Amino acid sequence: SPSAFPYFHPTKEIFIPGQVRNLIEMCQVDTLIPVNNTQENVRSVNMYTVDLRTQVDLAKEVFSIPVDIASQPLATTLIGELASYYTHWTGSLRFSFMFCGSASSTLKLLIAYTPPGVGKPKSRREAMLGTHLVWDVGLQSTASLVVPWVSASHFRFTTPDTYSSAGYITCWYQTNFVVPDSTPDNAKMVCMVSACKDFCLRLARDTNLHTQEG
Amino acid sequence: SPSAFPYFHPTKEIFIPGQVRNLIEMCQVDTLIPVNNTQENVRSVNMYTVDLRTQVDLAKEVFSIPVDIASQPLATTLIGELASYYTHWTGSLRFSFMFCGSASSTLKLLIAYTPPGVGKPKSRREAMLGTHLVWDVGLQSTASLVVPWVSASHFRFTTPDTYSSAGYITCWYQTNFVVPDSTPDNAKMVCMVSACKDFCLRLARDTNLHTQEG
Amino acid sequence: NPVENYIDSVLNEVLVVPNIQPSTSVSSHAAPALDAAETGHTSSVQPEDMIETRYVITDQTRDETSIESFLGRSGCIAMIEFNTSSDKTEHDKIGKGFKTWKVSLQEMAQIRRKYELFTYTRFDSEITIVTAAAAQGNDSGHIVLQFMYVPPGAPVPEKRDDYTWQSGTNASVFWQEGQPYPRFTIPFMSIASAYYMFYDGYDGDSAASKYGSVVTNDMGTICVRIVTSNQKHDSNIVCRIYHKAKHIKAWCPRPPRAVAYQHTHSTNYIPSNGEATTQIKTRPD
Amino acid sequence: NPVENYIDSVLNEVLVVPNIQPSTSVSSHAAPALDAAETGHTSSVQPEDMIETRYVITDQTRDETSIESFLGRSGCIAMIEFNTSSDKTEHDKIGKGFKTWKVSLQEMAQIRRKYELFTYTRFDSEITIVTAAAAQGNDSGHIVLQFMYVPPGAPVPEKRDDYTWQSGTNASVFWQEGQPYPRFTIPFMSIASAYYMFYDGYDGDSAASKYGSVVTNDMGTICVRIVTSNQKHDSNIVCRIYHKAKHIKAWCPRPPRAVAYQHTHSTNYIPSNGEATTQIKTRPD
Amino acid sequence: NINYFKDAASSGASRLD
Amino acid sequence: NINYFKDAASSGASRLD
Amino acid sequence: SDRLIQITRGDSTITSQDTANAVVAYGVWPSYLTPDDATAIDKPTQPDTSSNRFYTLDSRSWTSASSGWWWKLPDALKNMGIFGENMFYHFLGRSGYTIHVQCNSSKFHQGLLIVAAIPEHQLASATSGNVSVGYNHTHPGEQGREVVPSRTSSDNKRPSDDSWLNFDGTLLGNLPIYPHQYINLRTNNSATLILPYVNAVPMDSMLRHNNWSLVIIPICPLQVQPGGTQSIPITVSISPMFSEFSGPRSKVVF
Amino acid sequence: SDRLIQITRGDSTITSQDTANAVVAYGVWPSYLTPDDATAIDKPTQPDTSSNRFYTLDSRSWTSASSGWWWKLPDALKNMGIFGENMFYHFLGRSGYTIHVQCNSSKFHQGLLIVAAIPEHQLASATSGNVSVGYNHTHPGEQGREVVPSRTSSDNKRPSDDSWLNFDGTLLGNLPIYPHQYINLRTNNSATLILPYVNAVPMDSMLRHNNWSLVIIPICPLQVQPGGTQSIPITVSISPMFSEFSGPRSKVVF
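Chains as they are written, first to last, in the deposited numbering: chain C, 21 to 234; chain C', 21 to 234; chain A, 4 to 288; chain A', 4 to 288; chain D, 28 to 44; chain D', 28 to 44; chain B, 10 to 263; chain B', 10 to 263. A prime marks a further copy of an entry chain.
Structure, rendered in structure tokens:
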């Protein structure tokens, strides 16, 4: 285990801001989720936004995603990307939502997490039976929902194998999207994901999110 | 002698009931002996039972088996199976018998062990000259006979080679099978084998009780 | 004493067996010979209780029956085969240039049976690789193999020269002809606290759901390739993988398998169509 | 305690993860669930703040996510090829008798991507060489290779038998068939305090100036030759270079590459002419 | 009791108890 | 903590902190 | 008297006047999950009295032609009141059991049952292929199922009837290695097993994974002289112990 | 900020950014039954987390023509997961509640709701005789019912629609005597009531006796200028507190 350059003194280290010690420090940064994965949106910024509108009917759905950290859409987030280099993962997740309507807009949403084994909720009535948050949009624009580590095992696979799936997140209208005159009846919501203090990754592996042909 | 997964912390150990430290702990569990090895019984539960009946004559035989732990029928018992993974064995054995007749049934049996070199006893009169137990069937349904470690050597082979054979166990009627009216004149007996505190196995080897072709 | 422990270990005298105490005839109301096995508890009667005996000092030990002894022995768990070719086009294909195997202990009966004496097991393991190569021509040329371990969820090679063989994060071991047999350790690896030898459950509720221990198997796959390019003289390469458990814990004893194994990760024992009903080792008398 | 540090290292229990404290319902004016992500700071809310929880002792560690763990793994960074020849005249030429490669980490995608998670990196590295040789004839004869490292500014061989191979001051490693894989360490080597993974700048002001990290690359070149003279049986030789970083520091995290790499030392992502617009892993729903 | 590798898994067979 | 070579760069992987 | 027993579980009580002690599997008494084992962070639900009570499964007749019976846990209790409902409203659960098997007879009856609790009893199919046992056949609920010497069916998802091979390829004679107790009509009218929670994980999915299989096999046939009762019912009563649930959700529709 | 609130109940959380404090009925915080009050001797079931969580009732639209809405407790929660099932499997039960009423609007909306919790809200019928209100009409479940200015029906079991008389012969203006809170679209988007268990007895029959009636009445009509949202949904979320059950039994079929 010799050196090829004996007596070679290294160039002196200086202070550089932004030193990284572990990858979890990166996983704890709120990162956007490309929720709106349609053929018309996957090539542009719009993929990162969710549309909200004044509804005619009550208790309609806003959006729905899997919460398997290396599955779509989450796979392309910072956590998903880092997770793709590991086989096993554990610990709770944090999902944050930013409201980007007008200051004059009023809205209440239900954000809910459904454990595996039931399937995606078909109604707000079912969604409310899981882990949920009712979010009042006001002076504060961001709400966070923590998804607890509920599992039959200490670790789950990062591999999107239904067997170990962590379940789903859904969003439903609680009330409605209400606006005064001169305010748009539309709004957008921006979804983010980050790790909690207990989040861990284990058993490193090659990522399945990148290839090479030449 | 490196690890392929550096810095990999193992999944935490939790308490699970039933931890095994050694195989002797398994050998000390009473296990059924398939005594009734006939072509009509080797494919069903009946192989594990021995028939008892009211006799006309006195001092008749009930059953007879070798006591070489890896020979037939013992070879397929838990001890025999574990023994088949070892070359040498020692220590005393315990043979237990459960009476499965009626509560109203009366019976006395002679259980006897015959050391090698004579051959199977031809009469109760000969059987009684070995190590034996007279078993009174009553409120208690199980009797145990201990077969002592009598040997010219510290260890015997598990291999069914006559040279090191441990001899035979026979069972004879002491009195008769006696029943009142409304009680069946038949009964069954169930035979079990287990290890004593001094039982040991030595020199591990591949089992001869299992094969693979594909 | 730490050193006495060492000495006993050296002499294989750690798990010491009890002595036989002397005894004489006893006439009593106690009856050690009688019991109820109905209780589910093994009779406790010892030789000392039934047979007059002389004092015997026991020099027997149980060390060889320990779990560490029984399971901690190398044995073959797999065979991997290649049929290389001088034809560059044919080469690079699976089965010719490279071969993959999904990791399990269920392929070889001897090992499978020894481990499926337990319901749950926990251990680290050593992998030792034995490689043979049968020249079909007049030479062997130069043989260099790469053995790559691919964790679950990681990409699996499709071609001998795929980018996947770059081994960015996947562990890889290389072997050259003349090199001592490769060896490495895989830490206990699971998402549970123990490996399931058996699993009474399903992937899901649907008819298509998997049932056996296959639903818990998280051991990944081994990919092996011929590192060198196509050579004039074709060779048949066979790699054998041996496994040895270390630091072994086990729970909940089970009966040994009575009938031949039919399938990987299954308890099915019924012979193939037209094949005689499975046999056991119990012989007619 | 120095020994406790050792023990924790052995058990991979150095970077210990916090326990979950028990909690009950809270009715307050505090609202941990509400915040402004507009501030650029990640919400601090924990499970303990929103969900009633039971006390859980954590036995998880973060050791495998350390930078030393993530980047400190061997992986292929290059391939070097020769096509030798019995014709003494043809031999001695580049590509036949010897081959050179400019050192970089940008050739192999798996490594490139892992390192270009950071803006700056500092590390020592191990170079491990894996050599294969495919006889094209009926023998391999005798194979001896020389791997010479040529620092920037040093002369680079033009012929197999150039004076440059004398290795007066250049480091050289020799390898014979049957020899264990060559290995050596290259100390962190630069004129800066860290390697630039990216460089937003130019060699100069002119139109012809280079732009990318290529202007900072100071890793020199590796020259490999067949030491032996021309032999009757031609062989194809392929050398693979593996790299492992040690004593690793890294600064300023970056997003991972979303689209395929196109060129060495460039961020260009646009496909070649006639090739469909580059894709990402985000799938339509 | 010499350990040559950093990882505990790389140690040899367990003592009996 | 045995070092076999004079150059620090030749030492093995860093401890964590 | 050593032959007497009384077990009280919440609002239910079972007594017997002719027992054979009791067996606690592996010598471990059931208990709640500790902080050192737990991985979930939800505060668990502990229904206590409302769940941990005896439930009785449909009885079955033991005749001279019977080949054996079996039930799966927790499946057998899925419709059993509160315990049952909690299984459908939660992702995870954990429990031990008290299993009490009853079988009456006179002093003129003969026969022997073996009662065993088998962990992870992975069943073999009844067919020659690599087809596994179907979900529906491993989840008979409260009625368990009877072993039949032979069946006629094209349903290749059905399990083996070979009680002599423990329905999984192992000889019956080695069945005693598992927690077990016998019912010998000469000496006892009941068997009682105490089962701790056994798994490789703290808690698990109640509707996907069975923990224990309760197997009752007639080692010796029921024999009765004419004039006596020719059939004896076998009744099984099971009580959850220290049951825990976590991860509330919409009721599983199944 | 005093305008913020967060309430966590088991695995559920509700937040609001524009509240009007909270009301604890009669100044008494909910708690478990003490030994000094109790008369039953069964050990009670305390489902804890699995029961004491927020459940959301079907929302309803508030328009310029609305006359009011009401729900009965515990009836409204009878199908709400575990709490619900426990009601059908037990003879007795006891609980407090957290009631959170939500209603969004802009700064250009006008209107006033009064939200009240009325103990023993014995309803008057809609007819001239001595016929009482039918069981089915006092047990609307999760949907409660709307008050309609007038109805056409021969069903003499139906309750009164006179919200101005509190559906029982007392003037609306005196409604504030009960635990209550207002929703004034100018200043708050929610109301929160904490209700202790109130009865003349320790525990009672969950399917026979309602403890509280939740009444929401539009004191002032919803007024919106054209271009705004002309209807506002009202959503009610209720969580049991310290729920207890006793006397297990076969599930009531209803």
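Beta carbons are placed, not taken as given, at the ideal position from N, Cα and C, and that holds for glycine.
Presumed contact (8 Å Cβ cut-off) between residue i and residue j, rounded CB distance
i	j	result
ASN198(B)	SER68(B)	Wrong, their Cβ atoms sit about 14 Å apart, outside the cutoff.
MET111(A)	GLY75(A)	That belief does not hold up - the Cβ atoms of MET111(A) and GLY75(A) are roughly 17 Å apart, past 8 Å.
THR126(C')	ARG176(C')	So it is not a contact: roughly 38 Å between Cβ atoms.
residue 290(B)	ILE108(B)	Absent from the structure is residue 290(B), since the part of chain B shown begins at 10 and ends at 263.
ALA137(A')	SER232(A)	4 Å
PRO242(B')	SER59(B')	The pair is not a contact, with the Cβ atoms about 29 Å apart (cut-off 8 Å).
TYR187(B)	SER104(B)	Between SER104(B) and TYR187(B) the Cβ distance is about 19 Å, and since that is not below 8 Å, they are no contact.
Contacting residues, own chain, Cβ-Cβ under 6 Å from residue i (five flanking each side not counted)
i	result
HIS148(B')	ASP84
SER25(B)	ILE14, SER199
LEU18(A')	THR64, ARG65, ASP66
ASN193(B)	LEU121
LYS91(A)	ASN233
Host alpha helix (DSSP H) of residue i (start-end)
i	result
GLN113(A')	112-118
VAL13(A')	5-13
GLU81(C)	Careful: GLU81(C) lies outside any alpha helix (DSSP H), inside the beta strand (DSSP E) at 81-86.
Spatial neighbours of residue i in its chain, beta-carbon cut-off 8 Å, leaving aside the 5 residues before and after
i	result
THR27(A)	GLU55
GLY204(A)	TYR214, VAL218
residue 1(B')	Given that chain B' is displayed from residue 10 to residue 263, the structure contains no residue 1(B') and the question cannot be resolved.
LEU66(B')	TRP80, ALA85, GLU151, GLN152, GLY153, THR244, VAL245, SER246, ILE247
Beta-carbon contacts of residue i that lie in its chain and below 7 Å, excluding the five residues immediately before and after
i	result
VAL176(A)	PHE150, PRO185, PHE187
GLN234(A')	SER89, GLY144
Residue range of the unbroken beta strand (DSSP E) whose run includes residue i
i	result
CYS47(C)	That residue, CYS47(C), is in no beta strand (DSSP E); its alpha helix (DSSP H) goes 44-47.
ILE225(A)	224-229
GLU84(A)	78-86
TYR123(A')	121-138
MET209(C)	206-215
Buried or exposed by the 16-neighbour rule on C-beta atoms within 10 Å, applied to residue i
i	result
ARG286(A')	exposed
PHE73(A)	buried
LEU82(B)	buried
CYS229(B')	exposed
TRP221(B)	buried
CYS120(C)	exposed
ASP46(B')	exposed
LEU98(C')	buried
*Between the segment 219-226 of chain B and the segment 45-61 of chain B, do three or more beta carbon pairs fall short of 8 Å?*
Verdict: no, contact absent.
*On the three-pair Cβ rule with 8 Å, is the segment 58-75 of chain A' touching the segment 39-54 of chain C?*
They touch, by the three-pair rule.
*Could you tell me whether the segment 130-143 of chain C touches the segment 212-228 of chain C, where touching means 3 or more Cβ pairs closer than 8 Å?*
no
*Okay, do the segment 163-175 of chain A and the segment 86-105 of chain B touch, 3+ Cβ pairs below 8 Å being the bar?*
no
*How about the segment 113-127 of chain B and the segment 200-214 of chain C': do they share at least three Cβ pairs that are nearer than 8 Å?*
yes
*Can at least three beta-carbon pairs, one atom from the segment 34-53 of chain A and one from the segment 147-166 of chain C', be found at a separation below 8 Å?*
yes
*Would you check if there are 3 or more beta carbon pairs closer than 8 Å linking the segment 81-88 of chain C' to the segment 183-203 of chain C'?*
yes
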